[PDB]
file data.cif (mmCIF, C-alpha atoms)
data_protein
#
loop_
_atom_site.label_atom_id
_atom_site.label_comp_id
_atom_site.auth_asym_id
_atom_site.auth_seq_id
_atom_site.Cartn_x
_atom_site.Cartn_y
_atom_site.Cartn_z
CA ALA A 1 77.23 43.87 117.15
CA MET A 2 80.33 41.65 117.51
CA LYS A 3 80.24 37.98 118.56
CA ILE A 4 81.96 36.05 121.35
CA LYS A 5 81.68 32.25 121.46
CA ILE A 6 81.71 31.00 125.07
CA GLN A 7 82.29 27.61 126.66
CA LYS A 8 81.60 26.97 130.35
CA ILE A 9 84.18 24.68 131.97
CA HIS A 10 83.08 24.90 135.58
CA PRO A 11 79.74 24.15 137.32
CA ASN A 12 79.70 27.72 138.66
CA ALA A 13 80.59 29.38 135.33
CA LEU A 14 78.27 32.21 134.32
CA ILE A 15 77.59 33.77 130.93
CA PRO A 16 78.62 37.41 131.58
CA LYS A 17 75.80 39.96 131.04
CA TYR A 18 75.65 43.70 130.43
CA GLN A 19 73.89 45.43 133.34
CA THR A 20 72.37 47.97 130.92
CA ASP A 21 72.41 48.79 127.22
CA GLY A 22 74.94 51.55 128.04
CA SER A 23 77.35 49.31 129.99
CA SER A 24 80.89 49.31 128.51
CA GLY A 25 81.47 45.85 129.92
CA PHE A 26 80.14 42.76 131.62
CA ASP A 27 80.74 41.49 135.12
CA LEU A 28 83.06 38.52 135.59
CA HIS A 29 82.04 36.21 138.43
CA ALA A 30 84.37 33.96 140.44
CA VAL A 31 83.72 30.21 140.24
CA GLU A 32 85.84 29.33 143.31
CA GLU A 33 86.62 30.78 146.72
CA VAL A 34 89.98 32.54 146.94
CA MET A 35 91.54 34.04 150.02
CA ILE A 36 93.86 36.91 149.23
CA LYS A 37 96.29 37.95 151.95
CA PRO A 38 97.14 41.62 152.69
CA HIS A 39 99.63 43.05 150.21
CA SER A 40 99.46 40.06 147.85
CA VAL A 41 97.98 38.75 144.61
CA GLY A 42 95.70 35.87 143.78
CA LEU A 43 94.51 34.29 140.55
CA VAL A 44 90.71 34.02 140.44
CA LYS A 45 89.17 31.60 137.93
CA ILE A 46 86.06 32.56 135.88
CA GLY A 47 85.38 29.10 134.36
CA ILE A 48 84.81 30.38 130.84
CA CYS A 49 86.74 30.06 127.58
CA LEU A 50 86.03 32.68 124.96
CA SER A 51 86.43 32.91 121.19
CA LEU A 52 86.22 36.53 120.02
CA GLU A 53 85.32 37.71 116.55
CA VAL A 54 88.61 38.48 114.78
CA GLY A 55 89.53 42.13 115.16
CA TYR A 56 88.65 42.38 118.88
CA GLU A 57 90.26 41.98 122.28
CA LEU A 58 88.93 41.92 125.83
CA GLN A 59 90.10 44.33 128.54
CA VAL A 60 89.79 42.96 132.10
CA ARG A 61 89.10 45.97 134.29
CA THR A 62 89.16 46.80 137.98
CA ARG A 63 85.75 47.29 139.60
CA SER A 64 85.56 50.61 141.39
CA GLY A 65 83.53 49.48 144.41
CA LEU A 66 86.23 46.91 145.35
CA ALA A 67 88.95 49.46 144.63
CA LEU A 68 87.45 52.19 146.80
CA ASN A 69 86.20 49.94 149.65
CA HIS A 70 88.84 47.17 149.90
CA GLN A 71 91.79 48.44 147.81
CA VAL A 72 91.33 45.33 145.68
CA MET A 73 92.07 45.63 141.96
CA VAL A 74 93.05 43.88 138.77
CA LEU A 75 96.78 44.18 139.07
CA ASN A 76 97.32 44.04 135.33
CA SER A 77 94.39 46.37 134.64
CA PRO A 78 93.36 46.69 131.88
CA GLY A 79 94.23 43.00 131.63
CA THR A 80 94.82 41.91 128.04
CA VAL A 81 92.79 39.00 126.67
CA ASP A 82 94.15 38.46 123.18
CA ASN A 83 91.88 37.55 120.27
CA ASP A 84 93.66 34.20 119.93
CA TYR A 85 93.53 33.33 123.66
CA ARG A 86 91.32 30.22 124.00
CA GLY A 87 92.13 29.09 127.56
CA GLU A 88 90.22 29.87 130.76
CA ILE A 89 89.63 33.48 131.73
CA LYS A 90 91.31 34.26 135.05
CA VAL A 91 91.64 37.57 136.91
CA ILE A 92 94.86 38.59 138.68
CA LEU A 93 93.53 40.37 141.77
CA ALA A 94 95.75 42.34 144.10
CA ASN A 95 94.87 43.16 147.66
CA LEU A 96 96.74 46.36 148.48
CA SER A 97 95.03 46.57 151.91
CA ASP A 98 96.31 45.59 155.37
CA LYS A 99 93.18 43.33 155.78
CA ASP A 100 92.45 39.90 154.28
CA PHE A 101 89.98 39.80 151.39
CA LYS A 102 87.76 36.82 150.65
CA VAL A 103 86.59 36.26 147.08
CA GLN A 104 83.43 34.21 147.43
CA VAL A 105 81.91 32.09 144.64
CA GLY A 106 79.71 34.33 142.46
CA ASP A 107 81.56 37.54 143.36
CA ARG A 108 81.89 40.13 140.58
CA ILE A 109 85.64 40.84 140.73
CA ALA A 110 86.36 42.39 137.35
CA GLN A 111 84.65 43.56 134.20
CA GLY A 112 85.22 42.52 130.59
CA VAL A 113 85.16 45.32 128.01
CA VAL A 114 85.41 44.52 124.30
CA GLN A 115 87.66 46.84 122.31
CA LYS A 116 88.69 46.89 118.66
CA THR A 117 92.31 46.04 117.81
CA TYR A 118 94.67 47.90 115.48
CA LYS A 119 97.86 46.10 114.43
CA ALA A 120 100.95 48.22 113.83
CA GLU A 121 103.56 47.66 111.16
CA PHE A 122 106.95 49.00 112.25
CA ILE A 123 109.09 51.01 109.86
CA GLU A 124 112.60 51.61 111.17
CA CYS A 125 114.22 55.01 110.68
CA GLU A 126 117.79 56.04 111.42
CA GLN A 127 116.19 59.51 111.73
CA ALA B 1 85.14 65.59 117.81
CA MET B 2 82.30 63.58 119.40
CA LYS B 3 80.23 65.55 121.92
CA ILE B 4 79.86 65.54 125.71
CA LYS B 5 77.08 67.44 127.47
CA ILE B 6 78.48 68.71 130.77
CA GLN B 7 76.86 70.22 133.86
CA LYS B 8 78.95 71.82 136.62
CA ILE B 9 77.60 71.21 140.13
CA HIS B 10 80.33 72.84 142.20
CA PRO B 11 81.44 76.52 141.89
CA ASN B 12 85.05 75.29 141.63
CA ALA B 13 84.16 72.84 138.85
CA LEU B 14 86.09 73.37 135.60
CA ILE B 15 85.28 72.33 132.01
CA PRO B 16 88.10 69.79 131.26
CA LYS B 17 90.58 70.78 128.51
CA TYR B 18 93.13 69.10 126.24
CA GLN B 19 96.58 70.47 127.19
CA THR B 20 97.77 70.13 123.57
CA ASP B 21 95.99 69.41 120.30
CA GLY B 22 97.72 65.98 120.24
CA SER B 23 96.49 64.86 123.70
CA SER B 24 94.48 61.63 124.12
CA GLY B 25 92.74 62.85 127.27
CA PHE B 26 91.38 65.91 129.03
CA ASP B 27 92.47 66.98 132.48
CA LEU B 28 90.27 66.43 135.55
CA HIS B 29 90.62 68.94 138.35
CA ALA B 30 89.65 68.43 142.01
CA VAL B 31 87.06 70.73 143.61
CA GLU B 32 87.54 69.54 147.22
CA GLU B 33 90.77 69.56 149.17
CA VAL B 34 91.45 65.91 150.09
CA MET B 35 94.27 64.34 152.10
CA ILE B 36 95.24 60.75 151.26
CA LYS B 37 97.35 59.05 153.94
CA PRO B 38 100.00 56.38 153.10
CA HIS B 39 98.93 53.01 151.71
CA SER B 40 95.30 54.10 151.47
CA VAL B 41 92.73 55.36 148.97
CA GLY B 42 90.59 58.49 148.75
CA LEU B 43 87.74 59.72 146.54
CA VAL B 44 88.14 63.03 144.71
CA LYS B 45 85.08 64.86 143.38
CA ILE B 46 85.41 66.73 140.09
CA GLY B 47 82.06 68.55 140.38
CA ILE B 48 80.85 67.67 136.85
CA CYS B 49 78.21 65.40 135.38
CA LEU B 50 78.72 64.16 131.81
CA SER B 51 76.37 62.84 129.18
CA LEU B 52 78.47 61.29 126.39
CA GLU B 53 77.19 60.96 122.87
CA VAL B 54 75.91 57.42 122.35
CA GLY B 55 78.39 54.64 121.55
CA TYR B 56 81.28 56.06 123.63
CA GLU B 57 82.71 55.65 127.13
CA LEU B 58 85.22 57.64 129.15
CA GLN B 59 88.24 55.97 130.74
CA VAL B 60 89.68 57.72 133.77
CA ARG B 61 93.44 57.27 133.66
CA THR B 62 96.35 57.78 136.01
CA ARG B 63 98.61 60.80 135.29
CA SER B 64 102.17 59.62 134.75
CA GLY B 65 103.81 62.46 136.73
CA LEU B 66 101.87 61.75 139.95
CA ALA B 67 102.49 58.03 139.49
CA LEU B 68 106.26 58.41 139.02
CA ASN B 69 106.95 61.11 141.65
CA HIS B 70 104.38 60.41 144.39
CA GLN B 71 103.32 56.79 143.65
CA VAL B 72 99.79 58.00 143.18
CA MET B 73 97.37 56.46 140.65
CA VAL B 74 93.73 55.97 139.74
CA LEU B 75 93.14 52.70 141.47
CA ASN B 76 90.50 51.45 139.01
CA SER B 77 92.62 52.62 136.10
CA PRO B 78 91.34 52.78 133.48
CA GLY B 79 88.23 53.90 135.39
CA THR B 80 85.13 53.02 133.38
CA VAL B 81 82.57 55.77 132.90
CA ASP B 82 79.69 54.06 131.15
CA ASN B 83 77.81 55.85 128.38
CA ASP B 84 74.61 56.00 130.44
CA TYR B 85 76.17 57.19 133.70
CA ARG B 86 74.85 60.66 134.53
CA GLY B 87 76.13 61.22 138.08
CA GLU B 88 79.11 63.21 139.25
CA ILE B 89 82.57 62.28 138.01
CA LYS B 90 84.79 61.17 140.87
CA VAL B 91 88.28 59.67 140.88
CA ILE B 92 89.47 56.92 143.21
CA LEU B 93 93.08 57.95 143.93
CA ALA B 94 95.33 55.48 145.72
CA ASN B 95 98.56 56.40 147.48
CA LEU B 96 101.21 53.70 147.56
CA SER B 97 103.90 55.96 149.02
CA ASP B 98 104.83 55.81 152.72
CA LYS B 99 103.96 59.53 152.80
CA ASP B 100 100.99 61.90 152.91
CA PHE B 101 99.59 63.07 149.59
CA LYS B 102 97.50 66.23 149.43
CA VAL B 103 94.94 67.07 146.75
CA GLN B 104 94.31 70.81 146.44
CA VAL B 105 91.39 72.55 144.77
CA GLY B 106 92.18 72.79 141.05
CA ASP B 107 94.82 70.00 141.10
CA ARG B 108 94.69 67.77 137.98
CA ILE B 109 94.60 64.27 139.43
CA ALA B 110 93.50 62.14 136.45
CA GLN B 111 92.86 62.11 132.73
CA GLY B 112 89.62 61.37 130.93
CA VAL B 113 90.17 59.57 127.62
CA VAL B 114 87.20 58.97 125.27
CA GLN B 115 86.74 55.60 123.59
CA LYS B 116 84.19 53.88 121.32
CA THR B 117 82.32 50.91 122.78
CA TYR B 118 81.55 47.50 121.31
CA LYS B 119 78.80 45.19 122.50
CA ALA B 120 79.37 41.45 122.52
CA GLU B 121 76.66 38.91 121.76
CA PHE B 122 77.43 35.71 123.65
CA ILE B 123 76.92 32.42 121.82
CA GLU B 124 77.22 29.37 124.09
CA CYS B 125 79.15 26.33 122.80
CA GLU B 126 79.73 22.78 124.02
CA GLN B 127 83.27 23.02 122.61
CA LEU B 128 85.22 25.84 120.92
CA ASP B 129 87.15 25.77 117.65
CA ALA C 1 96.71 48.06 109.90
CA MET C 2 98.49 51.30 110.76
CA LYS C 3 102.08 52.56 110.58
CA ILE C 4 104.57 53.25 113.34
CA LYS C 5 107.89 54.82 112.50
CA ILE C 6 110.50 53.80 115.05
CA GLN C 7 113.97 55.16 115.83
CA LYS C 8 116.34 53.26 118.11
CA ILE C 9 118.31 55.63 120.38
CA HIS C 10 120.10 53.02 122.49
CA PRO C 11 122.43 50.13 121.46
CA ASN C 12 120.35 47.52 123.29
CA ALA C 13 117.09 48.75 121.76
CA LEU C 14 114.77 46.28 120.07
CA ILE C 15 112.02 46.83 117.53
CA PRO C 16 108.91 45.54 119.37
CA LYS C 17 107.20 42.48 117.90
CA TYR C 18 103.77 40.90 118.17
CA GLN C 19 104.06 37.35 119.49
CA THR C 20 101.21 36.17 117.23
CA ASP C 21 98.83 37.63 114.65
CA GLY C 22 96.18 37.69 117.39
CA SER C 23 98.31 39.65 119.89
CA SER C 24 96.83 42.99 121.04
CA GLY C 25 100.24 44.35 121.87
CA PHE C 26 103.95 44.29 121.20
CA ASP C 27 106.51 43.69 123.93
CA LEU C 28 108.61 46.58 125.28
CA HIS C 29 112.16 45.51 126.18
CA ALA C 30 114.36 47.32 128.71
CA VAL C 31 117.80 48.52 127.56
CA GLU C 32 119.37 49.01 131.03
CA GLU C 33 119.76 46.76 134.08
CA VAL C 34 117.99 48.47 136.95
CA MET C 35 116.99 47.31 140.40
CA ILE C 36 113.58 48.33 141.83
CA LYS C 37 113.39 48.30 145.63
CA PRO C 38 110.19 46.94 147.29
CA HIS C 39 107.32 49.43 147.61
CA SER C 40 108.85 51.84 145.11
CA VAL C 41 108.68 52.87 141.48
CA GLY C 42 111.27 53.04 138.66
CA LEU C 43 111.40 54.64 135.21
CA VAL C 44 112.52 51.98 132.76
CA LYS C 45 113.91 53.06 129.40
CA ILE C 46 112.94 51.24 126.17
CA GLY C 47 115.45 53.16 124.02
CA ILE C 48 113.04 53.72 121.13
CA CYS C 49 111.26 56.79 119.78
CA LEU C 50 107.92 56.48 118.04
CA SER C 51 106.01 58.33 115.38
CA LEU C 52 102.45 56.93 115.30
CA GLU C 53 100.33 57.44 112.15
CA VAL C 54 97.86 60.26 112.78
CA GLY C 55 94.71 59.20 114.67
CA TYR C 56 96.31 56.52 116.91
CA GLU C 57 97.64 56.67 120.49
CA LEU C 58 99.65 53.99 122.30
CA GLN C 59 98.75 52.33 125.61
CA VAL C 60 101.45 50.91 127.87
CA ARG C 61 99.97 47.90 129.72
CA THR C 62 101.23 45.75 132.60
CA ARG C 63 102.45 42.29 131.65
CA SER C 64 100.32 39.71 133.42
CA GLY C 65 103.23 37.38 134.24
CA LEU C 66 105.20 40.06 136.13
CA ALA C 67 102.06 41.18 137.97
CA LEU C 68 101.03 37.70 139.17
CA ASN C 69 104.51 36.37 140.05
CA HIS C 70 106.30 39.55 141.17
CA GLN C 71 103.66 42.23 141.95
CA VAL C 72 105.34 44.32 139.33
CA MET C 73 103.09 46.51 137.21
CA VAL C 74 102.95 49.66 135.15
CA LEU C 75 101.88 52.23 137.71
CA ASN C 76 100.01 54.41 135.21
CA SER C 77 98.57 51.45 133.30
CA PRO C 78 97.28 51.94 130.71
CA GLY C 79 100.12 54.38 130.11
CA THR C 80 99.03 57.17 127.81
CA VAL C 81 101.47 57.84 124.99
CA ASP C 82 99.90 60.68 122.98
CA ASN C 83 100.11 60.82 119.18
CA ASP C 84 102.37 63.92 119.15
CA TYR C 85 105.09 62.38 121.36
CA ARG C 86 108.49 61.72 119.72
CA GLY C 87 110.52 61.22 122.91
CA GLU C 88 111.93 58.06 124.42
CA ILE C 89 109.32 55.46 125.38
CA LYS C 90 109.85 54.95 129.12
CA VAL C 91 107.84 52.68 131.44
CA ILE C 92 106.89 53.60 135.02
CA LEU C 93 107.30 50.22 136.70
CA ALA C 94 106.17 49.80 140.30
CA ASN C 95 107.28 46.96 142.56
CA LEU C 96 104.49 46.34 145.05
CA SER C 97 106.29 43.30 146.50
CA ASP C 98 108.49 43.17 149.61
CA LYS C 99 111.34 41.78 147.46
CA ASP C 100 113.93 43.57 145.28
CA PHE C 101 113.05 43.18 141.59
CA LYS C 102 115.80 43.20 138.98
CA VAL C 103 115.13 44.40 135.47
CA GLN C 104 117.68 42.96 133.04
CA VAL C 105 118.69 44.21 129.60
CA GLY C 106 116.19 42.69 127.12
CA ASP C 107 113.41 41.91 129.64
CA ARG C 108 109.84 42.40 128.50
CA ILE C 109 108.37 44.75 131.11
CA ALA C 110 105.22 46.08 129.42
CA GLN C 111 103.13 45.82 126.30
CA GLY C 112 102.28 48.66 123.91
CA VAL C 113 98.80 48.44 122.36
CA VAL C 114 97.70 50.75 119.55
CA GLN C 115 94.30 52.35 120.14
CA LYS C 116 92.45 54.85 118.01
CA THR C 117 91.88 58.30 119.49
CA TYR C 118 88.62 60.21 119.98
CA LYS C 119 88.52 63.90 121.05
CA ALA C 120 85.51 65.28 122.89
CA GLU C 121 83.89 68.69 122.46
CA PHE C 122 82.21 69.87 125.68
CA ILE C 123 78.75 71.47 125.44
CA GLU C 124 77.81 73.01 128.78
CA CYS C 125 74.22 72.96 129.96
CA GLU C 126 72.12 73.54 133.02
CA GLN C 127 70.64 70.02 133.42
CA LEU C 128 71.41 66.64 131.74
CA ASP C 129 69.18 64.01 130.09
CA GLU C 130 67.96 61.23 132.43
CA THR C 131 68.86 57.49 132.47
CA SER C 132 68.46 54.36 134.68
#
call {"tool": "encode", "arguments": {"input": "data.cif", "output": "structure tokens"}}
result
Amino acid sequence: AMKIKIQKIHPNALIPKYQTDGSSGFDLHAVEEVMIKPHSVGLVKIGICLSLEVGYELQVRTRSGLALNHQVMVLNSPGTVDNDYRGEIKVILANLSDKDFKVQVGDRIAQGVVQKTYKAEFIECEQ
Amino acid sequence: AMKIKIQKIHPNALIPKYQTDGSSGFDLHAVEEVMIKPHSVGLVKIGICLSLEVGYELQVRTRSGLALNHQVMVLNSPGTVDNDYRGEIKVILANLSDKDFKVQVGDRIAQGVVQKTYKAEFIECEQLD
Amino acid sequence: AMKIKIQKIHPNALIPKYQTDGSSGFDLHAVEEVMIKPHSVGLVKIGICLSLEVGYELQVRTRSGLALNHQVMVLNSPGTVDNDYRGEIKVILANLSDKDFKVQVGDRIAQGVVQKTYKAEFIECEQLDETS
């Protein structure tokens, strides 16, 4: 129902798609090759800038295949993409394995899931 | 409450329950004994298949106790269970301690939390606002 | 909009703030200087107690800065803070780096994000509906 405006800023940028009508999220594909050493983090670029309908955020979520088979995950999962973030989407990927992990161009390395936001007003009590 | 059709497919499978009335999530219990060595990751069957009412997902979340005391967590936390997934629920547990971690039949190793979903419609743009 | 009642229970405690009107979460600030050894976890106190309006939970999420530059994250991210919890907000911070990581009084170490709750009722059956 909700709307996300999207700008490609890299030749390899892809418009994320839902696999099925029941998918919670959409696959995010790398636009560049990144080597990630054992026991370290890399920043993987997605080559897209998003504008989300007010009232919504994006969660950037670890893919389970990569987690189970290479101990690779989104280190800040669920990574927060704020409604007012307009820069490039990038995934912080950790390699918790003893083996190197190559992110090739096109690789699905995270998922984007749209969620509604709810802003809190704080009311201080000496209670 | 929204509804979840559940089928047990292991004798040891358990209908998940909210510990309190105020709980966000329901507890997921292992059916198989699994050992998870240091700095590695194992897969824990729960022996259930879910069908969630339409327009909802289930996030599989790390229990805070296990994380704090044993450095164990759901590696894909929050693990996405899509509305239309009908296969067995399983939890990818990682072990970041320099020690063995043992999963025993009936051990609660994660939390399922239910959430509404929202579908984006992408609109391509030369330039944003 | 929803209401959170907050009680400070530590002198260094800060009422969390949203950086902007578009922010998903408010920053959680430590009240104690603590050192977290490499490849270990630490329970970091925020020195605040929360009453969330009925129907909302809180998520405690890793800050992206600390993850990328220090391999520091919230080990149970997203940390479930249930609606009926009136204790001290504490953050389970892991240091996955091979370096000591110092938390200082006032440091932003996680983000709390209000989400709305949904309880399931389980109906058991013999066979489920099919999909693709």
call {"tool": "resolve_selection", "arguments": {"input": "data.cif", "expression": "the PyMOL selection byres ((chain A) within 12 of (chain C))", "output": "MDAnalysis selection string"}}
result
chainID A and resid 19:23 38:44 51:62 73:86 90:97 114:127
call {"tool": "interface_residues", "arguments": {"input": "data.cif", "of": "chain B", "to": "chain A", "cutoff": "9 Å", "atoms": "all atoms listed in the file", "output": "CSV table (one decimal) with C-alpha atoms, keeping the file's coordinate frame"}}
result
chain,number,residue,atom,x,y,z
B,39,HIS,CA,98.9,53.0,151.7
B,40,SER,CA,95.3,54.1,151.5
B,41,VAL,CA,92.7,55.4,149.0
B,42,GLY,CA,90.6,58.5,148.8
B,43,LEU,CA,87.7,59.7,146.5
B,54,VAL,CA,75.9,57.4,122.4
B,55,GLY,CA,78.4,54.6,121.6
B,56,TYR,CA,81.3,56.1,123.6
B,57,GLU,CA,82.7,55.6,127.1
B,75,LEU,CA,93.1,52.7,141.5
B,76,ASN,CA,90.5,51.4,139.0
B,77,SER,CA,92.6,52.6,136.1
B,78,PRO,CA,91.3,52.8,133.5
B,79,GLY,CA,88.2,53.9,135.4
B,80,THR,CA,85.1,53.0,133.4
B,81,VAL,CA,82.6,55.8,132.9
B,82,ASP,CA,79.7,54.1,131.2
B,83,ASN,CA,77.8,55.8,128.4
B,84,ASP,CA,74.6,56.0,130.4
B,85,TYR,CA,76.2,57.2,133.7
B,92,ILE,CA,89.5,56.9,143.2
B,93,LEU,CA,93.1,58.0,143.9
B,94,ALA,CA,95.3,55.5,145.7
B,96,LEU,CA,101.2,53.7,147.6
B,115,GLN,CA,86.7,55.6,123.6
B,116,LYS,CA,84.2,53.9,121.3
B,117,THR,CA,82.3,50.9,122.8
B,118,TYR,CA,81.6,47.5,121.3
B,119,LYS,CA,78.8,45.2,122.5
B,120,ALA,CA,79.4,41.4,122.5
B,121,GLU,CA,76.7,38.9,121.8
B,122,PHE,CA,77.4,35.7,123.6
B,123,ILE,CA,76.9,32.4,121.8
B,124,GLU,CA,77.2,29.4,124.1
B,125,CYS,CA,79.2,26.3,122.8
B,126,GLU,CA,79.7,22.8,124.0
B,127,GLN,CA,83.3,23.0,122.6
B,128,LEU,CA,85.2,25.8,120.9
B,129,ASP,CA,87.2,25.8,117.6
call {"tool": "atom_distance", "arguments": {"input": "data.cif", "atom1": "atom CA of residue B:110", "atom2": "atom CA of residue C:47"}}
result
26.8 Å
call {"tool": "residues_around", "arguments": {"input": "data.cif", "residues": "residue A:32", "least_positions_apart": "4", "cutoff": "7 Å", "atoms": "all atoms listed in the file", "output": "PyMOL selection string"}}
result
chain A and resi 45+104-105
call {"tool": "atom_distance", "arguments": {"input": "data.cif", "atom1": "atom CA of residue B:74", "atom2": "atom CA of residue C:48"}}
result
26.9 Å
call {"tool": "interface_residues", "arguments": {"input": "data.cif", "of": "chain C", "to": "chain B", "cutoff": "7 Å", "atoms": "only C-alpha atoms", "output": "VMD selection string"}}
result
chain C and resid 41 57 75 to 78 82 to 84 92 117 to 128 131
call {"tool": "write_last_selection", "arguments": {"input": "data.cif", "atoms": "C-alpha atoms", "output": "short mmCIF file (atom, residue, chain, number, x, y, z; two decimals), in the frame of the given file"}}
result
data_model
loop_
_atom_site.label_atom_id
_atom_site.label_comp_id
_atom_site.auth_asym_id
_atom_site.auth_seq_id
_atom_site.Cartn_x
_atom_site.Cartn_y
_atom_site.Cartn_z
CA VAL C 41 108.68 52.87 141.48
CA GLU C 57 97.64 56.67 120.49
CA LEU C 75 101.88 52.23 137.71
CA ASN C 76 100.01 54.41 135.21
CA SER C 77 98.57 51.45 133.30
CA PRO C 78 97.28 51.94 130.71
CA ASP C 82 99.90 60.68 122.98
CA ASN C 83 100.11 60.82 119.18
CA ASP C 84 102.37 63.92 119.15
CA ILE C 92 106.89 53.60 135.02
CA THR C 117 91.88 58.30 119.49
CA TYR C 118 88.62 60.21 119.98
CA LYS C 119 88.52 63.90 121.05
CA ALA C 120 85.51 65.28 122.89
CA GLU C 121 83.89 68.69 122.46
CA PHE C 122 82.21 69.87 125.68
CA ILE C 123 78.75 71.47 125.44
CA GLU C 124 77.81 73.01 128.78
CA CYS C 125 74.22 72.96 129.96
CA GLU C 126 72.12 73.54 133.02
CA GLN C 127 70.64 70.02 133.42
CA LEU C 128 71.41 66.64 131.74
CA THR C 131 68.86 57.49 132.47
#
call {"tool": "atom_distance", "arguments": {"input": "data.cif", "atom1": "atom CA of residue A:112", "atom2": "atom CA of residue C:28"}}
result
24.3 Å
call {"tool": "closest_residue", "arguments": {"input": "data.cif", "among": "C:104, C:38, C:129, C:43", "to": "residue C:90", "atoms": "all atoms listed in the file"}}
result
C:43
call {"tool": "residues_around", "arguments": {"input": "data.cif", "residues": "residue C:30", "least_positions_apart": "5", "cutoff": "8 Å", "atoms": "all atoms listed in the file", "output": "number ranges by chain"}}
result
C: 13, 44-47, 103-109
call {"tool": "resolve_selection", "arguments": {"input": "data.cif", "expression": "the PyMOL selection byres ((chain A and resi 88) around 6)", "output": "list in words"}}
result
residues 48, 49, 87 and 89 of chain A
call {"tool": "residues_near_point", "arguments": {"input": "data.cif", "point": "(118.0, 49.3, 143.5)", "cutoff": "6 Å", "atoms": "all atoms listed in the file", "output": "ChimeraX atom specification"}}
result
/C:35-37
call {"tool": "residues_around", "arguments": {"input": "data.cif", "residues": "residue A:108", "least_positions_apart": "5", "cutoff": "8 Å", "atoms": "only C-alpha atoms", "output": "ChimeraX atom specification"}}
result
/A:27-30
call {"tool": "write_last_selection", "arguments": {"input": "data.cif", "atoms": "C-alpha atoms", "output": "JSON list (two decimals), in the frame of the given file"}}
result
[["chain", "number", "residue", "atom", "x", "y", "z"],
["A", 27, "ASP", "CA", 80.74, 41.49, 135.12],
["A", 28, "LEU", "CA", 83.06, 38.52, 135.59],
["A", 29, "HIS", "CA", 82.04, 36.21, 138.43],
["A", 30, "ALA", "CA", 84.37, 33.96, 140.44]]
